[PDB]
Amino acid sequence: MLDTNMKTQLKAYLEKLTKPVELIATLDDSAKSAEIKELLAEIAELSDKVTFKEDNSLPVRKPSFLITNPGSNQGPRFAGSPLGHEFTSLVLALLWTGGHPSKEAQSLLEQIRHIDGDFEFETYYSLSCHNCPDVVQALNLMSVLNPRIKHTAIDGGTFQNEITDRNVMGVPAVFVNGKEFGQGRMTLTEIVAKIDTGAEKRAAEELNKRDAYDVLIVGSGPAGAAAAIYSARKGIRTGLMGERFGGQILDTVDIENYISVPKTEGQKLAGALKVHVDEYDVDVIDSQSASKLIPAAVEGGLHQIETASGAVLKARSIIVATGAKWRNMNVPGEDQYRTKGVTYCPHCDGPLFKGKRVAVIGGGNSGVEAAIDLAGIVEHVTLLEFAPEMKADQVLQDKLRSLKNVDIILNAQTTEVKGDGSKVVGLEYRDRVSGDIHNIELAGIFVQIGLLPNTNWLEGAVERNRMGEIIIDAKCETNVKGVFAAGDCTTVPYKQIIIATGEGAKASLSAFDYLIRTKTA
């Protein structure tokens, strides 16, 4: 039923065929199926690539024909007339199946080439309908790429029997596996979204496709936030990846040394940090953990960060700001009284305990200094050391034995934090030697047993001191060109919010200075 106009175009279009096409028909003696025999044999006669065969004992509609390459039995199936408005749908099916490429976004085409679900699409059309080809062609494309996605386009003029049995007022009308899909306009892009609803949001593929960063900051505590703002203000492409925006301050409650702010709160300062950040062009990535730094193999090239989610980001410059974790005792009641008397930092919370009795857990330098600190502010201090002797510098140990409101207890293992449901009221411990249990009444417990920088993921790539801290010069420079670090994760002598924010800003200005110096062409 091809008109001469269609023939000439079709002859011209089949000249753009690089693979051999076969049309496999299933026909039933009716004059409609005779009309489709004629057509297939007309088309076959127009090209040496195109062969018309027929197999009339297949479990598919009659009349219909599979378009395919030799051997393989995968491709678009038309039932009834592939003419009218669907003429250009038919040329396209032959072309694609014969090696011509899709004229649309190849990213989607790969996405489609990899899909797991088994889908038969059967679209219902009729020859008169103007808006039906775009849906037909769409789902045609799909059937060629992935062999799991089958597609039968159905002319309503030939199957009024199926039009009624299954209600179809209005075409086009598609039916994914004997189930209503959708009607009217649908672009391929739009089709593929809905089909992969039970998709799997590969946000790691989102991340892998991003452009290189001018600076990528790893860690979104105070240090990294501060660095993100200073970087964004220079207008450079800036990224800020971290596990949890706000770092340590988020789990903090009463904060009284953020300079200029007599009293604030962790959740609030963290929100204030997020607001300042969003005042600038900063791609904030949350809930994402860095697992490896790969240093650029040449100056002027790019460093890489690997995430635990399997993504890889790329940056002209990196800033590490991943902080530290204070070690816990891991005893009953420790959790329960976190921020209600059990604390870590003596700098931050010391003043809250004037007049009160406290304990320091840990006999290292950090614990011993902490006790000499608290001793001046508070009424009584009890230091408890797990080992049979204190580890701290002698100078400090003698100074602590000099004060009149302090007790040292050796071989003392804290077993329980006690409180009243609201606040700490005491401590239980055992003598690791005789096994004897003991009780202290107090209002505060300062755990000073070790800081652990979050840097074991950097082993081998940047240099660390012997406590795990990232070694930095005054400019926050690491031993790798174009990698800087700021905050508690580094060798800064002290760990405070106000100190960490200053270092992030430094690291940012140092990173910018390195970008502008990276030479020329």
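All residue numbers are counted from 1 along the displayed sequence.
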**Prompt:** Of the two stretches 363 to 371 and 124 to 132, which shows the higher Cα B-factor on average in the entry?
**Reply:** 124 to 132
**Fill in**
The stretch carrying the higher mean Cα B factor in the deposited entry, 493 to 501 or 14 to 22, is 14 to 22
**Message:** Looking at 233, 338, 327, 148, which one carries the largest C-alpha B-factor according to the PDB entry?
**Reply:** 148
**Message:** Given 385, 243, 306, 196, identify the residue with the highest C-alpha B factor in the PDB entry.
**Reply:** 196
**Asked** C-alpha B factor of residue 446, ranked within the chain: lowest, middle or highest third?
**Response** lowest
**Prompt:** Would the CA B-factor of residue 27 place it in the lowest, middle or highest third of its chain?
**Reply:** highest
**Message:** Split into thirds by Cα B-factor across the chain's modelled residues, where does residue 460 land: lowest, middle or highest?
**Reply:** middle
**Asked** By the record's CA B-factor, is residue 333 among the lowest, middle or highest third of residues in the chain?
**Response** middle
**Fill in**
Of the three thirds of the chain ranked by Cα temperature factor, residue 401 occupies the middle
